[PDB]
Structures are given as structure tokens and as C-alpha cells.
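Asks: If it helps, the file is called protein31.txt and holds compact mmCIF, C-alpha atoms and all ligand atoms:
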# COMPACT_ATOMS: atom_id res chain seq x y z
CA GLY A 365 23.08 6.20 -23.95
CA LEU A 366 19.52 6.07 -25.24
CA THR A 367 18.83 5.96 -28.96
CA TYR A 368 16.51 8.57 -30.44
CA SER A 369 13.36 6.45 -30.50
CA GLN A 370 14.12 5.21 -26.98
CA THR A 371 14.39 8.76 -25.61
CA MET A 372 11.04 9.61 -27.22
CA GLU A 373 9.49 6.43 -25.82
CA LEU A 374 10.86 7.25 -22.36
CA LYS A 375 9.52 10.80 -22.43
CA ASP A 376 6.13 9.54 -23.64
CA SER A 377 5.84 6.73 -21.09
CA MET A 378 6.75 9.17 -18.33
CA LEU A 379 3.99 11.57 -19.33
CA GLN A 380 1.62 8.97 -17.89
CA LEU A 381 2.69 10.31 -14.49
CA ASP A 382 0.27 12.65 -12.74
CA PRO A 383 2.60 15.58 -11.94
CA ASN A 384 0.60 16.47 -8.79
CA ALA A 385 -0.16 12.97 -7.45
CA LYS A 386 1.59 11.45 -4.45
CA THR A 387 4.80 9.89 -5.76
CA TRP A 388 7.28 7.72 -3.88
CA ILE A 389 10.94 7.50 -4.87
CA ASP A 390 13.46 4.98 -3.58
CA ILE A 391 16.95 4.06 -4.79
CA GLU A 392 19.46 1.33 -4.04
CA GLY A 393 23.19 2.13 -4.10
CA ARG A 394 25.13 5.34 -3.34
CA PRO A 395 23.67 8.55 -4.81
CA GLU A 396 26.83 9.03 -6.85
CA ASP A 397 26.56 5.42 -8.11
CA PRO A 398 22.93 4.20 -7.97
CA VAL A 399 21.96 0.76 -9.28
CA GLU A 400 18.17 0.60 -8.91
CA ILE A 401 15.60 3.39 -9.01
CA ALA A 402 11.82 3.26 -8.51
CA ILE A 403 9.29 6.08 -8.80
CA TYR A 404 5.78 5.02 -7.86
CA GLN A 405 2.36 6.70 -7.79
CA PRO A 406 0.06 4.76 -5.42
CA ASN A 407 -3.23 6.39 -6.45
CA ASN A 408 -2.97 5.20 -10.06
CA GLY A 409 -0.48 2.34 -9.55
CA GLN A 410 1.99 3.51 -12.21
CA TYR A 411 5.69 3.11 -11.55
CA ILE A 412 8.97 3.85 -13.29
CA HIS A 413 11.53 1.20 -12.35
CA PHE A 414 14.95 0.45 -13.83
CA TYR A 415 18.55 -0.52 -13.06
CA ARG A 416 22.07 0.80 -13.60
CA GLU A 417 25.52 -0.77 -13.64
CA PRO A 418 27.79 0.56 -10.87
CA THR A 419 31.07 2.34 -11.52
CA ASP A 420 32.60 1.34 -8.14
CA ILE A 421 32.57 -2.47 -8.17
CA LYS A 422 34.10 -2.81 -4.70
CA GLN A 423 31.48 -0.64 -3.03
CA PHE A 424 28.83 -2.51 -5.05
CA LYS A 425 29.98 -5.82 -3.58
CA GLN A 426 29.66 -4.51 -0.02
CA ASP A 427 26.26 -2.98 -0.79
CA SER A 428 25.14 -6.23 -2.37
CA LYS A 429 26.02 -8.21 0.75
CA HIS A 430 24.42 -5.63 3.01
CA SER A 431 21.34 -4.15 1.39
CA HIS A 432 20.19 -5.10 -2.09
CA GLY A 433 21.56 -8.57 -2.82
CA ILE A 434 21.99 -7.88 -6.55
CA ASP A 435 24.55 -9.93 -8.48
CA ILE A 436 26.80 -7.72 -10.64
CA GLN A 437 26.30 -10.24 -13.48
CA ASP A 438 22.61 -9.57 -13.64
CA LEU A 439 23.25 -5.90 -14.42
CA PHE A 440 25.45 -6.46 -17.43
CA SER A 441 22.44 -6.38 -19.76
CA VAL A 442 20.59 -3.32 -18.47
CA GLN A 443 20.11 -0.30 -20.70
CA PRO A 444 22.59 2.50 -19.90
CA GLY A 445 21.74 6.19 -19.58
CA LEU A 446 18.28 5.69 -18.06
CA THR A 447 19.10 7.37 -14.74
CA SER A 448 20.01 10.79 -16.09
CA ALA A 449 17.30 10.56 -18.76
CA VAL A 450 14.50 9.80 -16.28
CA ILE A 451 15.61 12.46 -13.79
CA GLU A 452 15.85 15.08 -16.54
CA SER A 453 12.28 14.31 -17.65
CA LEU A 454 10.60 14.49 -14.23
CA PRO A 455 7.92 17.24 -14.06
CA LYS A 456 9.15 20.59 -12.79
CA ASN A 457 8.76 21.18 -9.02
CA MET A 458 7.48 17.64 -8.44
CA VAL A 459 7.04 16.68 -4.77
CA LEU A 460 8.29 13.16 -4.00
CA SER A 461 7.88 11.10 -0.84
CA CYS A 462 10.66 8.88 0.44
CA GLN A 463 11.88 7.02 3.50
CA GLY A 464 15.21 8.70 4.30
CA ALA A 465 15.83 11.68 1.99
CA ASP A 466 19.53 12.49 2.37
CA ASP A 467 20.89 10.33 -0.47
CA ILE A 468 18.10 11.04 -2.95
CA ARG A 469 18.49 14.77 -2.27
CA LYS A 470 22.17 14.53 -3.29
CA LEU A 471 21.31 12.52 -6.41
CA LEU A 472 18.69 15.01 -7.58
CA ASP A 473 20.90 18.03 -6.79
CA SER A 474 23.87 16.40 -8.61
CA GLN A 475 21.55 16.20 -11.64
CA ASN A 476 20.52 19.89 -11.30
CA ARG A 477 16.98 19.08 -10.21
CA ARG A 478 16.99 21.21 -7.06
CA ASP A 479 13.40 22.10 -7.99
CA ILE A 480 12.22 18.63 -7.01
CA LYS A 481 11.08 18.59 -3.39
CA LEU A 482 11.45 15.62 -1.04
CA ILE A 483 9.06 14.71 1.78
CA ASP A 484 10.95 12.43 4.20
CA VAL A 485 8.28 10.27 5.84
CA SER A 486 10.97 9.10 8.26
CA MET A 487 9.16 6.18 9.83
CA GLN A 488 11.05 4.12 12.42
CA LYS A 489 13.09 1.34 10.66
CA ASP A 490 10.79 -1.50 11.82
CA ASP A 491 7.51 0.35 11.28
CA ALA A 492 8.51 1.17 7.68
CA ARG A 493 8.89 -2.54 6.91
CA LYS A 494 5.83 -3.85 8.80
CA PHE A 495 4.35 -5.18 5.54
CA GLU A 496 7.64 -6.38 4.02
CA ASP A 497 6.63 -10.05 4.06
CA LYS A 498 3.13 -9.35 2.68
CA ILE A 499 4.51 -7.15 -0.11
CA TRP A 500 7.12 -9.71 -1.16
CA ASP A 501 4.45 -12.42 -1.10
CA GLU A 502 2.18 -10.53 -3.49
CA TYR A 503 4.71 -8.64 -5.62
CA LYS A 504 7.97 -10.65 -5.68
CA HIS A 505 7.37 -11.27 -9.39
CA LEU A 506 7.83 -7.56 -10.16
CA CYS A 507 11.59 -7.70 -9.59
CA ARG A 508 13.88 -10.74 -9.84
CA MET A 509 17.20 -9.00 -9.31
CA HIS A 510 17.69 -9.63 -5.59
CA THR A 511 19.32 -13.07 -5.53
CA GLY A 512 22.02 -12.79 -2.89
CA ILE A 513 21.82 -13.31 0.86
CA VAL A 514 21.77 -9.98 2.70
CA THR A 515 22.98 -9.43 6.26
CA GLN A 516 22.84 -6.29 8.37
CA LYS A 517 24.33 -5.27 11.76
CA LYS A 518 22.14 -5.46 14.77
CA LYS A 519 22.12 -2.29 16.84
CA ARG A 520 22.87 -4.43 19.93
CA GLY A 521 25.69 -6.60 18.60
CA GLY A 522 26.40 -9.01 15.75
CA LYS A 523 24.61 -9.42 12.43
CA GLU A 524 21.43 -10.92 11.04
CA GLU A 525 20.01 -11.90 7.68
CA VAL A 526 17.27 -9.62 6.34
CA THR A 527 15.14 -9.63 3.21
CA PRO A 528 17.04 -7.84 0.41
CA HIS A 529 16.04 -4.25 -0.30
CA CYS A 530 14.43 -3.56 -3.68
CA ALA A 531 13.72 0.04 -4.62
CA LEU A 532 10.34 -0.90 -6.08
CA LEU A 533 9.06 -3.17 -3.34
CA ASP A 534 10.34 -0.67 -0.75
CA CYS A 535 8.05 1.96 -2.32
CA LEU A 536 5.15 -0.49 -2.24
CA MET A 537 5.65 -1.53 1.38
CA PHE A 538 6.25 2.06 2.53
CA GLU A 539 2.87 3.01 1.07
CA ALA A 540 1.33 -0.04 2.74
CA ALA A 541 2.80 1.09 6.07
CA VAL A 542 1.40 4.60 5.65
CA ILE A 543 -2.12 3.42 4.85
CA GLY A 544 -2.00 0.51 7.36
CA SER A 545 -2.80 -2.30 4.89
CA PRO A 546 -1.38 -3.70 1.66
CA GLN A 547 -4.58 -2.50 -0.07
CA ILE A 548 -3.05 -0.47 -2.89
CA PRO A 549 -4.19 -0.16 -6.52
CA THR A 550 -2.45 -2.76 -8.71
CA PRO A 551 1.12 -1.59 -9.55
CA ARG A 552 1.79 -1.38 -13.27
CA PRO A 553 5.16 -0.67 -14.92
CA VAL A 554 5.27 2.39 -17.14
CA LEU A 555 8.54 1.39 -18.88
CA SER A 556 8.73 -1.40 -21.42
CA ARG A 557 11.00 -4.28 -20.50
CA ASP A 558 12.90 -3.61 -23.74
CA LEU A 559 13.65 -0.10 -22.54
CA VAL A 560 14.89 -1.37 -19.17
CA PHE A 561 17.01 -4.19 -20.57
CA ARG A 562 19.03 -4.52 -23.79
CA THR A 563 17.84 -7.30 -26.15
CA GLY A 564 18.85 -10.55 -24.49
CA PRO A 565 19.65 -13.94 -26.05
CA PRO A 566 17.08 -15.41 -28.39
CA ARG A 567 14.61 -17.90 -27.03
CA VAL A 568 15.85 -21.48 -27.05
CA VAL A 569 13.84 -23.71 -29.35
CA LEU A 570 12.45 -26.49 -27.19
MN MN A 601 15.31 0.88 -0.47
ZN ZN A 602 14.31 -4.68 -7.21
Starting from the coordinates I provided, produce the structure as C-alpha cells.

Replies:
Amino acid sequence: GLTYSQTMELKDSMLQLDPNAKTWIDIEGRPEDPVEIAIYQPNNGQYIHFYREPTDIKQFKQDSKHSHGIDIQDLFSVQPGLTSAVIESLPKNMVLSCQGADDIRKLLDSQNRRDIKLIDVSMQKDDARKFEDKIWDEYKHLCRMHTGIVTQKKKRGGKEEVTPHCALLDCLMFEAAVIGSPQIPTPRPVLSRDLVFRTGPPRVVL
């Protein structure tokens, strides 16, 4: 769970959110077992983005091969408890936009945030990712967790490799698709890296 100072820091960082501004949300993993969450306000650029270790390792391994490409080893060092803490601190009656609402609706309801409203933009699968390449080009540095090769079924037979799905870059490219250009205000993380990850190994003296 979060320490006391960390909970305060999280609640304070989150108060940077405009409670009435357009806000995207996207998650990777099952709603009962999410592993990556992003909440992003395009008009000011602010985003909340963090990770979570899965409880069902065998579903995680299928999901990793087939949407997000995250290695279970890279999640060992993430801070626990962030998912329920962030969701509890979201402004009351916030209205969030998403591409495909069914899973996020279950996650929010499971956390007793039925007051949060979802707008499902529900773009066609290809249209939603029109700017995928451009968004990864410009913003790949914002998330390094997607290291595995990802393959997905083709609706007409067989499988194909796709770019891994990242909850943060999905928000960014969905906004780009809505406005018709990758011209968005610069995205800026609201959460400190030390809140997202536990203290890692010391730097190596070179
Ligand atoms: Mn996604
Ligand atoms: Zn990511």
C-alpha cells in the first residue's frame, strides 16, 4: 500500500486535474486485474500514468503476447496500491472519454465509483489507431514497458504482429484521431517516477 506521505503526494498531484476538462482513460489488462492505467487531459497535457502487478500470471502471459507486450519482470518494482488510491481520489461525477467502455465501466463500478461517467468514442478499430506510428515516433520515450512482440488475430484468418498497446500512448493517439492531427499540447506526467516505481538499485559508479 501507499505510505502516508505518498498518499498525500498522490492526492496533491491529482488535484492538478481540471475536474471539468476532457479526460481520456485507458487501461491494459482485465478490469479485475489491470496492469497499466492512464488518465490524460489533452487541453492541459497532464496525465496520470502508472502500472500494477497482475494477480493472474497465466492470463497476464496471454495478454502480454496479444495486446500490451509487457514483461512480468518489469513490473516487479512498481509501487503497489496505486490503482485503488487513484480511482478513490478522482473528482466526483467526472466524465471520462475512452475507446471501448465495457471493461473500464466494470473497473470503476467494482471500486464503487458508479458516479464516474464514461463516454465511449467507439471509433472503428483502424480509425482509432490512424496516428499510432506518429504517436510512437514522438512519444515512445514516455513509456518503456512494452518490450515483447505482440500478435493479434486477423478477422479474415491467421495472425499478424501489431504495435504493442500502451494505455498512455493509446490515450494520446485516440485524441490525435479525434482532432485529425497529432497536434496536442505537450503531455506531462503528474505523478513522480518515485511514486510510480519503488526505489530501484543505486546508480553504478562508472
Ligand atoms: Mn489500450
Ligand atoms: Zn505503456

Asks: When you look at residue 380 (chain A) with a cut-off of 8 Å (counting all atoms listed in the file), what residues show up, excluding the ones that are within fewer than 2 positions of it in the same chain? I need them as a list in words.

Replies: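 Listed by chain and then number, they are residues 376, 377, 378, 382, 410 and 554 of chain A.
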
Asks: Residues contacting ligand MN 601 (chain A) - anything with an atom at most 7 Å away, using all atoms listed in the file - can you give me those as a PyMOL selection string?

Replies: chain A and resi 390-392+529-531+534

Asks: Between A:426, A:527, A:419, A:556, which residue has the minimum interatomic distance to residue 497 (chain A), considering only C-alpha atoms?

Replies: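 Using only C-alpha atoms, residue 497 (chain A) sits closest to A:527.
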
Asks: Between A:538, A:503, A:424, A:440, single out the one closest to ligand ZN 602 (chain A), counting only C-alpha atoms and all ligand atoms.

Replies: A:503

Asks: For a quick check of understanding, using all atoms listed in the file, which of A:477, A:469, A:523, A:508 has the smallest distance to ligand ZN 602 (chain A)?

Replies: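 The closest residue to ligand ZN 602 (chain A) is A:508.
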
Asks: Might I get the box with edges along x, y and z of the file that holds all atoms of region 543-552 of chain A listed there, padded by 8 Å on every side, given as centre and edge lengths in Å to one decimal, as lines of an AutoDock Vina configuration file?

Replies:
center_x = -1.4
center_y = -0.1
center_z = -3.0
size_x = 22.4
size_y = 23.1
size_z = 36.6

Asks: Go through A:430, A:504, A:456, A:422 one by one, measure the shortest atom-to-atom distance of each to residue 524 (chain A) using only C-alpha atoms, and give the residue with the smallest value.

Replies: A:430

Asks: Write out as CSV the residues of chain A that have any atom within 10 Å of an atom of ligand ZN 602 (chain A), one row each with the nearest atom pair and its distance in Å to one decimal, counting only C-alpha atoms and all ligand atoms, sorted by chain and then rising number.

Replies:
residue,atom,partner,partner_atom,distance
A:391,CA,A:ZN602,ZN,9.4
A:392,CA,A:ZN602,ZN,8.5
A:399,CA,A:ZN602,ZN,9.6
A:400,CA,A:ZN602,ZN,6.8
A:401,CA,A:ZN602,ZN,8.4
A:402,CA,A:ZN602,ZN,8.4
A:413,CA,A:ZN602,ZN,8.3
A:414,CA,A:ZN602,ZN,8.4
A:415,CA,A:ZN602,ZN,8.3
A:432,CA,A:ZN602,ZN,7.8
A:433,CA,A:ZN602,ZN,9.3
A:434,CA,A:ZN602,ZN,8.3
A:504,CA,A:ZN602,ZN,8.8
A:505,CA,A:ZN602,ZN,9.8
A:506,CA,A:ZN602,ZN,7.7
A:507,CA,A:ZN602,ZN,4.7
A:508,CA,A:ZN602,ZN,6.6
A:509,CA,A:ZN602,ZN,5.6
A:510,CA,A:ZN602,ZN,6.2
A:511,CA,A:ZN602,ZN,9.9
A:528,CA,A:ZN602,ZN,8.7
A:529,CA,A:ZN602,ZN,7.1
A:530,CA,A:ZN602,ZN,3.7
A:531,CA,A:ZN602,ZN,5.4
A:532,CA,A:ZN602,ZN,5.6
A:533,CA,A:ZN602,ZN,6.7
A:534,CA,A:ZN602,ZN,8.6

Asks: Between A:464, A:455, A:521, A:549, single out the one closest to residue 383 (chain A), counting only C-alpha atoms.

Replies: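 Using only C-alpha atoms, the shortest distance to residue 383 (chain A) belongs to A:455.
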
Asks: Which of these residues is nearest to residue 515 (chain A), using all atoms listed in the file: A:428, A:387, A:407, A:486?

Replies: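 Comparing A:428, A:387, A:407, A:486 against residue 515 (chain A), the winner is A:428.
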
Asks: Any idea what the distance is between CA of residue 544 (chain A) and CA of residue 494 (chain A)?

Replies: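 Separating CA of residue 544 (chain A) from CA of residue 494 (chain A) is a distance of 9.1 Å.
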
Asks: Tell me, as a PyMOL selection string, which residues lie within 12 Å of residue 379 (chain A), counting all atoms listed in the file; anything in the same chain fewer than 6 positions away does not count.

Replies: chain A and resi 372-373+410-412+450+453-455+554-555

Asks: With a distance cut-off of 9 Å and all atoms listed in the file, select the neighbouring residues of residue 446 (chain A), excluding the residue or stretch itself and same-chain residues fewer than 2 positions from it, and output the selection as a PyMOL selection string.

Replies: chain A and resi 365-366+374+414-416+443-444+448-451+559-560

Asks: Quick one: pull the distance between CA of residue 470 (chain A) and CA of residue 489 (chain A), Å, one decimal.

Replies: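 Going from CA of residue 470 (chain A) over to CA of residue 489 (chain A) covers 21.2 Å.
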
Asks: CA of residue 417 (chain A) and CA of residue 386 (chain A) are how many Å apart?

Replies: 28.4 Å

Asks: In file coordinates, which residues lie within 10 Å of (10.5, 4.8, 3.2) using all atoms listed in the file, given as a ChimeraX atom specification?

Replies: /A:388-390,461-465,484-489,491-493,531,534-539,541-542
